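First comes one chain, alone, set out as structure tokens in the form deposited in one PDB entry.
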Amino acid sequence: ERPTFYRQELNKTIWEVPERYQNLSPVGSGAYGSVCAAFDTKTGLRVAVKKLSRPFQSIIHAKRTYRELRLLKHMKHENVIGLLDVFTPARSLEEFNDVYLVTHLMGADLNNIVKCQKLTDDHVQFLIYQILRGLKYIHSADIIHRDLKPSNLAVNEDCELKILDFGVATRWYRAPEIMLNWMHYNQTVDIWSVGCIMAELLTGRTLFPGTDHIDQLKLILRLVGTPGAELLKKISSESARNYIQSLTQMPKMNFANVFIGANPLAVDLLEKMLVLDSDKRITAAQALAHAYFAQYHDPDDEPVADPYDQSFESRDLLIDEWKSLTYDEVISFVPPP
């Protein structure tokens, strides 16, 4: 019943993988671990195989390993990275030391598809629609991505897009409240990021290319105005209020005069995404119903996720406990259809 494994030296460690995975070729390495491209002879798919580095070295490593495996096992959606396989050469918990994760091999990310050129409006609709479709799903599991950017968006040769948890400055796509360490984030932090991405795809230019942390905020407030009276009512920070109070007011710009020549429906959606007040930003579900996506929207096929039990985040367990829980998750894995 156990697959036959083989051993091969790869990124200067011995990999031990099921024989179904052929022709491993290193493609990436870092603190996280190392990744090889491979061909899965069982499915006929090109896949990425990641060997976790030091997955049980410490309590923190072990809880991170568990977290990553739980998250990948949960995500089952066309526009979100999912798990094709997870395996260990270990024949028991006693010998369990290594964790390998398998997903679709992804060629390129959103940066590659755009490469500083305007996309057509039809192409923007399709790409943003997919991102929002995956976000509706992620957000329905009560998960916030928090670091949505082009490098975290994989796109194949059929223009099919998947949201990733890994890969320019990251800061360019971050919501202002995250830049200010606000610490009670709305899921619409991700909608901010989507707005930044959409604007760049339409114009071929980064919307808010800040040079440093404060510059990023400066460029943001120039577009969306300084905080209104309704927003200021909601700021508990004495230091923030007093600073904002001191600021010479700027109105919000008219996006129609900013995104010259764009589809007016695109402009309208951007206005709804890039609102300073996070409580007033459009949600992923609401955005999917916006007229901009008329050619793609289908309420019958914009699914939500099963509830995701994140109670483990609150727990302080020992290495061997996190390891045992991770082993349970490896053993219980059922590959997708």
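The first residue of the sequence shown is number 1, and the count goes up from there. Rigid core (definition): largest C-alpha set, two forms, superposition within 1.5 Å.
Across the other PDB entries of this protein whose models span the neighbouring residues, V155 is modelled without exception, so it is unmodelled in far fewer than a third. Compared against other deposited entries of this protein, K115 counts as often unmodelled, lacking coordinates in at least a third of those that resolve the residues around it. According to the PDB entry, the deposited sequence runs on from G228 to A229 with no residue lacking coordinates between them. Higher average CA B factor: 195-203, of the stretches 130-138 and 195-203. Between 169-177 and 214-222, the higher mean Cα B-factor belongs to 169-177.
The entry lists C-alpha B-factors for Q125, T88, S92, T103, and the highest of these is at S92. The top Cα temperature factor in the record, among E9, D328, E321, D316, falls on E9. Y308: CA B factor lies in the middle third for its chain, per the PDB record. The PDB entry assigns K118 a C-alpha temperature factor belonging to the highest third of its chain's modelled residues.
In this PDB entry, the Cα temperature factor of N152 sits in the middle third of its chain's modelled residues. Per the PDB record, residue ranking by Cα B-factor puts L45 in the middle third of the chain. Sort the chain's modelled residues by C-alpha temperature factor and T188 lands in the lowest third, per the entry.
A second form of this protein, the form deposited in another entry, is not displayed here; the remarks below concern that form.
When the two forms are overlaid on the rigid core, CA displacement between this form and the one not shown of 2 Å or more is confined, within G225, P89, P176, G82, to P89. Shown in the overlay between this form and the one not shown, fitted on the rigid core, is a CA shift at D109 smaller than 2 Å.
Annotation for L270: C-alpha shift under 2 angstroms between this form and the one not shown, rigid core superposed.
Fitting the two forms on the rigid core leaves the C-alpha of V27 displaced by at least 2 angstroms between this form and the one not shown.
Note: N152-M183 Cα separation is 3 Å or more longer in the other entry than here.
Panel note: the distance between the CA atoms of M183 and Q310 is larger in the other entry than in this form, the difference being 3 Å or more.
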